[PDB]
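This report refers to the structure that appears directly beneath it.
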Amino acid sequence: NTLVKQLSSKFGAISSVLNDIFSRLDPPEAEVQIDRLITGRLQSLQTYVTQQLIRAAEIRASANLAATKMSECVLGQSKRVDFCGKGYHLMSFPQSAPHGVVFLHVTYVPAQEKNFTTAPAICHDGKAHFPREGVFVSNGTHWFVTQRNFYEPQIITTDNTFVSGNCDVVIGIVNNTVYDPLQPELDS
Amino acid sequence: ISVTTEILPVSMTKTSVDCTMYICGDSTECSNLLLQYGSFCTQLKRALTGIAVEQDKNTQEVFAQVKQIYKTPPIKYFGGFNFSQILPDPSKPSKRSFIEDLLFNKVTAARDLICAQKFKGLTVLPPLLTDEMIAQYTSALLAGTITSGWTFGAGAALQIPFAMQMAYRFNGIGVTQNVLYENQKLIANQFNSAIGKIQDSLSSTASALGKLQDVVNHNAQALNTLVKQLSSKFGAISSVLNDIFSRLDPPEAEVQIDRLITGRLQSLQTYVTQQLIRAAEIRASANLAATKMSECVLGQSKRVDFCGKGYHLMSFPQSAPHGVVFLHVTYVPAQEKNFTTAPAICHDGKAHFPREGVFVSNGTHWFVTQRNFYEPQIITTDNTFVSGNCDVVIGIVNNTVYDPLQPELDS
Amino acid sequence: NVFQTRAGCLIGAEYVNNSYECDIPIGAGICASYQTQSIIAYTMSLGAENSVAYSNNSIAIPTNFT
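First to last, the sequence lines map onto chains H, C and G.
Residue 1147 is where the first sequence ends in the entry's author numbering, and the numbering goes up by one at each step.
The second sequence runs 720 to 827, 845 to 1147 under the entry's author numbering.
The third sequence runs 641 to 676, 690 to 719 under the entry's author numbering.
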């Protein structure tokens, strides 16, 4: 619209149209006015082209980002934080829109938290025990092992713990019992 | 344990230009003559306003990522780690930290240049967010990462002791937790020494903030050349237009005025185009900084050479004039030793492959060890699995495997 | 009325001591909005204020998902 509206400028000439300039002045003198008009219009069109180029570069950057998002979020599962949504990414769906794409992100969010008391290791039979893929918790009386992102208490055993060293070097260790699931069937 | 510093520019300086004062000065005749060229200044105002709002959008996107403002509890024990230099200092009125103060002091009758440029139609607008608000965002992020961990980037903040968080990160990089639980004091001392070295380097070295200084210098040079362009004839008798009007008749004064107007308009166009290109580059840098903040501060990244040189552990943000600074805490091995290995163990006519580690030998015996730390253990059936006979694998060796059940059968 | 901000002088808006999310950005941490039947200029609120209970031996574990 502004490129169209620039056509009414005079640029210092005697008129904004060409036919009256050519129908009122001799060839020796109309040249200056014609040159002024031509130079002004050329400058306007060049400025338009430059702005279009810059905007095209920005659109290209956005398109590259969208292509990367389609490659990772949709065709696979992403471990990147805050890339395919807020939370823990599960999956995604694409939809089309005029000059654009819309991504629907299905994600997982925890809720209904609860407090607990924990210790890093358990000292038993003069040895320190560490969890394999969980965390030690206590409800005030007993001790359990639970997964990090969901509450699922379990009994401490040898199958879900591993031993390394004595229990006089780790800060915060506590005393408890580790249940051996081989002897009770052997003694029965 | 290594700490590394990274500097990223975020935003630019917002500028506004007055056409009439810059071009025609205080002369009314030029003001009347200027109207003939049409709409050449509304476009300039639109472009400059777009850049100005873009800068605020950049800052808001980079820094405003937490819904709630957290505070550290009064007790300052975090398993031996100090953190007293990066946390807010209530004594100073700016509510900033030591490193932040050093960074701000690092980058910097008679009439000031700012007033002289203002008196020619070039003005600077203030940003939406003051420095105090950016400091508060940084403090909230630091408190959230110290107290909660990475849980506050995907939901509610759940408290966890610092040692257990470090154990989880060690498990993430590929080392078991017992290493941390047995070398807590050494790791804490290394971290404190690294922070002290960063302090010393910041206090002594004064060339670590090149990028922001380059941005400031580029803006200053652009303004300087724009101002200097006002004293060129462009082919007329003189730069000053009142002398042109007084000396000679209107018929040629019109030509001289047209020459000056065209030259000044061309200079303004060039300035606007260069500003647009620079703003695009700054926006790209801001997008990179926002991605880095979301990926290295609110979580742990497995990408190589992204959140530091080495094995990534964690990171901390700090503010800087028109930019952000990242402190990356990473893990690097040292004191390596040679060993002899084999791909599998042939025992009882069966091939045995390790479950997590690698097989090593110290000259006479054979052990299984984790990949990134030397911790030998006896080869048993608990850390090994069997697949096929031992006449196919190339390089298999002979040894014995211990079964933890037969000893109990006889005892 | 008259108010003096680091971005200049504001006429026609009344300053209040509360804090809301920004609607029209003026600058230097000052925003404006149309509320109450009047125009009010205020200071931005970054967000809600929170504190987390931290100790040697306390953890928080979720029990449900969304």
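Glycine is no exception: its CB is placed at the ideal position from the N, C-alpha and C atoms.
Check whether residue i and residue j have beta carbons under 8 Å apart
{"i": "C:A890", "j": "H:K1045", "result": "yes"}
{"i": "C:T739", "j": "C:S750", "result": "yes"}
{"i": "C:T1136", "j": "C:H1083", "result": "yes"}
{"i": "C:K947", "j": "C:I726", "result": "yes"}
{"i": "C:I1114", "j": "C:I1081", "result": "no"}
{"i": "C:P863", "j": "C:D775", "result": "yes"}
{"i": "C:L945", "j": "C:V1040", "result": "no"}
{"i": "C:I818", "j": "C:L938", "result": "yes"}
{"i": "H:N1119", "j": "H:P1090", "result": "yes"}
{"i": "H:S1051", "j": "H:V1033", "result": "yes"}
{"i": "C:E773", "j": "C:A1015", "result": "yes"}
{"i": "C:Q853", "j": "C:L1001", "result": "no"}
{"i": "H:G999", "j": "C:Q755", "result": "no"}
{"i": "residue 925 of chain H", "j": "H:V1104", "result": "The first residue shown for chain H is 960 and the last is 1147, placing residue 925 of chain H beyond what the model contains."}
{"i": "C:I720", "j": "C:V1061", "result": "no"}
{"i": "C:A893", "j": "C:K790", "result": "no"}
{"i": "residue 689 of chain G", "j": "C:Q895", "result": "Residue 689 of chain G cannot be placed in this structure, since chain G goes from 676 to 690 without the numbers between."}
{"i": "C:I909", "j": "C:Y741", "result": "no"}
{"i": "C:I788", "j": "G:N710", "result": "no"}
is_contact[residue i, chain C] using C-beta, thresh 8 Å
{"i": "H:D1041", "result": "yes"}
{"i": "G:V642", "result": "no"}
{"i": "H:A1080", "result": "yes"}
{"i": "H:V1104", "result": "no"}
{"i": "G:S704", "result": "yes"}
{"i": "H:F1109", "result": "no"}
{"i": "H:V1128", "result": "yes"}
{"i": "G:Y707", "result": "yes"}
{"i": "H:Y1047", "result": "yes"}
Residue i Cβ short of 7 Å to the ligand COA heavy atom set
{"i": "H:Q1113", "result": "This structure lacks the ligand COA, and indeed carries no ligand of any kind."}
Closest by C-alpha distance to residue i, when choosing among the options
{"i": "C:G1099", "options": "C:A1078, C:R1000, C:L1063, C:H1083", "result": "C:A1078"}
{"i": "C:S1021", "options": "C:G1059, C:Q965, C:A944, C:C1043", "result": "C:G1059"}
{"i": "H:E1017", "options": "C:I1018, C:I1130, C:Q853, C:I909", "result": "C:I1018"}
{"i": "C:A876", "options": "C:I934, C:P807, C:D950, C:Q949", "result": "C:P807"}
{"i": "C:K814", "options": "C:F782, C:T874, C:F855", "result": "C:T874"}
{"i": "C:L1063", "options": "C:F1089, C:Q804, C:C760", "result": "C:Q804"}
{"i": "G:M697", "options": "G:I670, G:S691, G:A706, G:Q690", "result": "G:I670"}
{"i": "C:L966", "options": "C:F1089, C:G857, C:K825", "result": "C:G857"}
{"i": "C:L763", "options": "C:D737, C:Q787, C:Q755, C:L752", "result": "C:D737"}
{"i": "C:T1009", "options": "H:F1089, H:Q1005, H:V976", "result": "H:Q1005"}
{"i": "C:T768", "options": "C:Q784, C:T724, C:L861", "result": "C:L861"}
{"i": "C:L1049", "options": "C:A879, C:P812, C:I788, C:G885", "result": "C:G885"}
{"i": "C:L962", "options": "C:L752, C:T859, C:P728", "result": "C:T859"}
{"i": "H:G1124", "options": "H:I1130, H:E1092, H:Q1071, H:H1088", "result": "H:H1088"}
{"i": "C:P897", "options": "H:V1122, H:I1130, H:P1112, H:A989", "result": "H:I1130"}
{"i": "C:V1094", "options": "C:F1121, C:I1013, C:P812, C:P809", "result": "C:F1121"}
{"i": "G:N657", "options": "G:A694, G:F718, G:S673", "result": "G:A694"}
{"i": "C:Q949", "options": "C:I850, C:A903, C:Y917, C:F823", "result": "C:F823"}
{"i": "G:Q644", "options": "G:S708, G:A668, G:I692", "result": "G:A668"}
C-beta neighbour in chain G for residue i, strict 8 Å
{"i": "C:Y904", "result": "no"}
{"i": "H:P1053", "result": "no"}
{"i": "C:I896", "result": "yes"}
{"i": "C:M869", "result": "yes"}
{"i": "H:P1069", "result": "yes"}
{"i": "H:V1065", "result": "no"}
{"i": "C:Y917", "result": "no"}
{"i": "C:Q872", "result": "yes"}
{"i": "C:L959", "result": "no"}
{"i": "H:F1089", "result": "no"}
{"i": "C:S875", "result": "no"}
{"i": "H:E1072", "result": "yes"}
Chain A within 8 Å of residue i, Cβ atoms only
{"i": "G:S711", "result": "Absent here is chain A; the protein component of the structure consists of chains H, C and G."}
Min CB distance residue i to chain H below 8 Å
{"i": "C:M1050", "result": "no"}
{"i": "C:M731", "result": "no"}
{"i": "C:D994", "result": "yes"}
{"i": "C:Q755", "result": "yes"}
query: How about the segment 1017-1032 of chain H and the segment 986-997 of chain H: do they share at least three Cβ pairs that are nearer than 8 Å?
result: no
query: Does the segment 919-938 of chain C come close enough to the segment 792-805 of chain C that 3 or more CB-CB pairs lie under 8 Å?
result: yes
message: For the segment 702-716 of chain G against the segment 1105-1120 of chain H, do three or more pairs of beta-carbon atoms, one drawn from each stretch, fall closer than 8 Å, so that the two count as touching?
response: yes
message: For a minimum of 3 consecutive residues, which ranges assigned as the beta strand (DSSP E) are wholly contained in the segment 847-894 of chain C?
response: 858-860
field: Complete runs of the beta strand (DSSP E) confined to the segment 745-792 of chain C [at least 3 residues]
entry: 787-790
query: Fully enclosed by the segment 917-991 of chain C, which beta strand (DSSP E) runs are 3 residues long or longer?
result: none
task: Counting only runs of 3+ residues fully inside the segment 1113-1141 of chain H, write out the beta strand (DSSP E) ranges in chain order.
output: 1120-1122
- prompt: At what residue ranges does the segment 1031-1112 of chain H contain a whole run of the beta strand (DSSP E), taking only runs of 3 or more?
  reply: 1047-1056, 1059-1067, 1069-1075, 1081-1083, 1086-1090, 1094-1097, 1102-1105
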